[PDB]
Structures are given as C-alpha cells and as structure tokens.
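Before any questions on how it binds or moves, here is one chain, the form deposited in one PDB entry, in structure tokens.
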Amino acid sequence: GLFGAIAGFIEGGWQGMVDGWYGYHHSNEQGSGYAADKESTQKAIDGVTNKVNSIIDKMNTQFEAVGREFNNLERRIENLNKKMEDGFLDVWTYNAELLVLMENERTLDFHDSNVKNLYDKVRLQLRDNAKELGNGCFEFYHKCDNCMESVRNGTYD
C-alpha cells in the first residue's frame, strides 16, 4: 500500500480488535489488551460513507433505454437506434466499473494512510522514551502502568 503501514511494516491485522478499525494493543505487568482509537475510526467511517453516497449519487444521472419499433424497410434507423442504446450502456458500464476500481484503491490507501498517521502520532510522543521496534510497536524504557491510557490519551510524558 502507498503508506507502508497496512501489510507493510505492520505485518497483519488483529482478530482481537472487534472494537473499531484502528487502535492500540498494550502489554505490561498488569496484563494486556486492545483498544480502538475512536477519533481516527470515526473520521474513517465518515470518509467512506460520504464516498459511497457520492459514488451512488453521481450514478443516478444515466442513460435509460426506451423501446422503439421499426418496420421492415427502416433497417437503418433501427440499427441506428440499437447502436445508440448499446453505446450509452457501454459508456455507463465502463463508467461504473472504473469508478469502482479506482475508488476501491483509494479506499484501501485511505485506511493505510489512517494507520500510518495514527502510528506517527504515537511516534511523536514517545520519541526518546521508548524503542521503535520496527513492527508497529514501541517498547518502553520505563515500565508503563495501565501510563498507557496516557499514550492513547494524547497526553504523555
């Protein structure tokens, strides 16, 4: 993916985070678990919903075949009529298929972008305190108490 996070330096997703799309896994003496990052998750949900509706919307102006009949000695206008009706269907089929293809790829990149951004937001807080392990995880210099709530908080140090 363009942003390098999803299936990138973060090797795979988490079955254990049923909570939202992106978040944290913490692990310390008191235990361990997953918590979703509410803000980025919600931003993501709106982004995608709006996209979908925008996609649906732009697609309702579209060619509508009307049936027309022609006698045996109007073979040219009947053929004209046919190639016109098919042409607009090929143009709109092409439109919808491409839009889907392109926007799908922007959707997967957007999630990748959201993960990297969330990661960086945490990199920018722990800057010398923890060791950037290289796998999406930071390993603390000083033991962190459920201190974790504070990394997730935006308020750490």
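Residues that one form lacks are left out of the comparison. In this text, residue numbers run from 1 along the sequence as written. Note that the rigid core is defined as the largest set of C-alphas that superpose within 1.5 Å between two forms.
The next section is about a form of this same protein that is not shown, the form deposited in another entry.
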query	finding
Entry of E69, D46, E105, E29 that shows, once the rigid core is matched between the shown form and the other one, a C-alpha shift of 2 Å or more	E69
C-alpha of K131 moved at least 2 Å between the shown form and the other one on rigid core	no
Taking the rigid core as reference, consecutive runs of 3 or more residues that move 2 angstroms or more in Cα between the shown form and the other one	57 to 84
